[PDB]
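# Structural overview
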Amino acid sequence: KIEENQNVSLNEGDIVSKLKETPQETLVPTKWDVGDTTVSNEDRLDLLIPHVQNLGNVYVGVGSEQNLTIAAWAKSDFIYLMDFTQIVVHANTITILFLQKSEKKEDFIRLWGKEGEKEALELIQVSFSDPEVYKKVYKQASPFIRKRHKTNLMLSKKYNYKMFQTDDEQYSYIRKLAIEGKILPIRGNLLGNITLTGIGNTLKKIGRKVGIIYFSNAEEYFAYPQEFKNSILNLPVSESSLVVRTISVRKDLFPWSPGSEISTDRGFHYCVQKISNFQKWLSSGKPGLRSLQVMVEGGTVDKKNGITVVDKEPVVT
Ligand SMILES: [Cl-]
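As presented, residues are numbered from 1 along each chain according to the written sequence, a scheme that may differ from that of the entry, and residues lacking coordinates are left out. The basis for every side-chain value is the complete set of heavy atoms in the structure, and neither hydrogens nor water enter the calculation. Residues with missing side-chain atoms are left out of burial classes, side-chain pairs and their counts.

For this deposited structure, the header cites X-ray crystallography as the method used and 1.30 Å as the resolution.

Once that is clear, we can look at helix α11 (residues 275-283). Throughout, exposure labels follow a simple rule: accessible area from a 1.4 Å probe, protein chains only, divided by the maximum for the residue type, with under 20% read as buried, over 50% as exposed, and the rest as partly exposed. Each helix corresponds to a stretch of at least 4 residues labelled H or I by DSSP, and each strand to a stretch of at least 2 residues labelled E; elements are numbered beginning at the N terminus. If you check which residues of α11 are buried, you get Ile275, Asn277, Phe278, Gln279, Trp281 and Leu282. Its buried side turned inward, α11 meets β4 (210-216), α10 (226-233), β5 (237-247), β6 (269-274), α12 (291-298) and β8 (307-310). Phi turns positive one or two residues past the end of α11, at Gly285, with a value near 75°. The contact definition used throughout considers only heavy atoms, calling two residues in contact when any of these lie within 4.5 Å.

The next subject is α12. Among the residues of α12, those classed as buried are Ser291, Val294, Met295 and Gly298. Seen from one end, α12 has its buried residues packed into an arc of 95°, which puts them on one side. Check the buried side of α12 and you find it contacts β5, β6, α11, β7 (299-302) and β8. The arc in question is the one traced by the directions running from the helix axis out to the C-beta atoms.

Residues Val58 and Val60 line one face of strand β1 (residues 58-61) and the alternating positions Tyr59 and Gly61 line the opposite face, and both faces are buried. Pairs of strands are assigned from DSSP output, requiring at least two bridges between the strands. Alignment of β1 against strand β2 (residues 78-83), held across four bridges, turns out to be parallel. Following the sheet pairing, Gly61 is matched in β2 by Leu81. Note on the crossover from β1 through helix α3 (residues 66-74) to β2: the handedness is right-handed. Orient the strands so they point away from the viewer; a crossover is then right-handed if the path from the first strand over the helix to the second runs clockwise.

Further remarks concern the packing of helix α1 (residues 10-20) against helix α9 (residues 195-206). Closest axis-to-axis distance for the α1/α9 pair is 10 Å, and the angle between their directions is 160°. Judged on the interaxial angle alone, α9 and α1 are roughly antiparallel. Helix-helix and strand crossings are classified by hand; for α1 and α9 the assignment is right-handed. Residues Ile15, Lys18 and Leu19 of α1 form the contact with α9, whose participating residues are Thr202, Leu203, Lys205 and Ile206. To obtain each axis, a line is fitted to C-alpha atoms, and for helices this fit is confined to the stretch in contact; angles are then taken between N-to-C directions over 0 to 180 degrees. The scheme is simple: roughly parallel for angles under 35 degrees, roughly antiparallel for over 145, roughly perpendicular for 65 to 115, oblique for anything else. Helix crossings get a hand from a simple test, with the near helix turned counterclockwise from the far one by less than a right angle marking a left-handed crossing and a clockwise turn marking a right-handed one.

Ordered by their spatial adjacency, eight strands build an open sheet running β3-β2-β1-β4-β5-β6-β8-β7, and the pairing between neighbours is mixed. The open sheet has two edge strands, β3 (183-187) and β7, and neither has a second partner. Averaged over all pairs of adjacent strands, the angle between their axes in this sheet comes to 15°, without regard to strand direction. Against the sheet, α3 contacts β1, β2, β3 and β4, and its axis sits at roughly 155° relative to β4. Helix-sheet contacts for α11 involve β4, β5, β6 and β8, and the interaxial angle to β6 is about 90°.

Turning our attention to the pattern of salt bridges. Note on definitions: salt bridges are taken to be side-chain nitrogens of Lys or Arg within 4 Å of carboxyl oxygens of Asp or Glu. As enumerated under the stated definition, the model contains 16 salt bridges in all. The shortest N-O distance in the salt bridge between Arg44 and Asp46 comes to 2.9 Å. There is no split in this pair, since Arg44 and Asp46 are both buried. Residue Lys162 is joined to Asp167 by a salt bridge in which the shortest nitrogen-to-oxygen separation is 4.0 Å. Residue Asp167 is classed as buried on the basis of its relative accessible area, which comes to 13%. What emerges from the salt-bridge pattern is a single network uniting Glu12, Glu180 and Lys182.

Turning next to unusual backbone geometry. Between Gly267 and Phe268 the backbone carries a cis peptide bond, its omega angle lying at 0°. By the secondary structure assignment, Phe268 is in the loop between β5 and β6. Residue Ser216 is not a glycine yet carries a positive backbone phi of 50°. The class for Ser216 is buried, based on a relative accessible area of 13%.

Moving on, we get to the pairing of β6. With five of six residues buried, β6 is to be regarded as a mostly interior element. As judged from the six bridges shared by β5 and β6, these two strands associate in the antiparallel manner. Paired with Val244 across the two strands is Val272, which belongs to β6. Looking at chain direction, β6 and β8 are connected through four bridges and run parallel. Among the inter-strand pairings, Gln273 is bridged to a residue of β8, identified as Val310.

In structure tokens form, the structure reads like this:
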């Protein structure tokens, strides 16, 4: 029925359908399928604003609501939320449903909150054939999501910045993407061989580019393997496109940002890097290369605020 077609042109509807069908990986339950995993503990994302604002293009990120914060600043055209833990993928699916139904930012906060829990669970009940999958995720994730929402409000005032939960215009931008089907939770491991490569192939097919890829501190868990190198090299990117990451080691070189202590006692230092620059590091063949070494060798560090730009390139041994 075309009178229920949300997209503003045939072309945008065709793009959304193509994005939705990008290949995914099979996830199975793990120890990370707990509510703790559904929130960020990075308290100084506002340091990213001057780097990511207005980058546009496509957004790809691991994790949860912090991606919507960064994508609103960037004015991303489409948002892939790619994660390897089922609870994260499903909690993001709930967040998108709540955005679609919540006309104002307070309504969204309320549905995730204690006040809106009864209404939220009734909305989940009518929205799926298997709603209990999502009701269980809501009940696991909501205590953590509520705490993080209250922290985000505090941080937005403490550091005097706008973010999608505290600013009407940024909220409306994210809600518009949600309504249009442009926020896509997908199953994929950064170290897998289907999903992340598939994003690059899908974007190539539709003639679009990645503007931001967000890793959180996921790279702290691995030396870069071949499948990750291939998938990052395969991404179509803009000249201005950025990696966003955090680290939590070598704080002598990479001091943790002031204010990091609200949500964690370990971390974080923030880091941006052009994706084209990152593709050089990944192609270099440095044995055992990890994000820390990329930053040690390639980073220009703001030690006061705790943010690095990797603007230098690998030097051959
Ligand atoms: Cl967040």
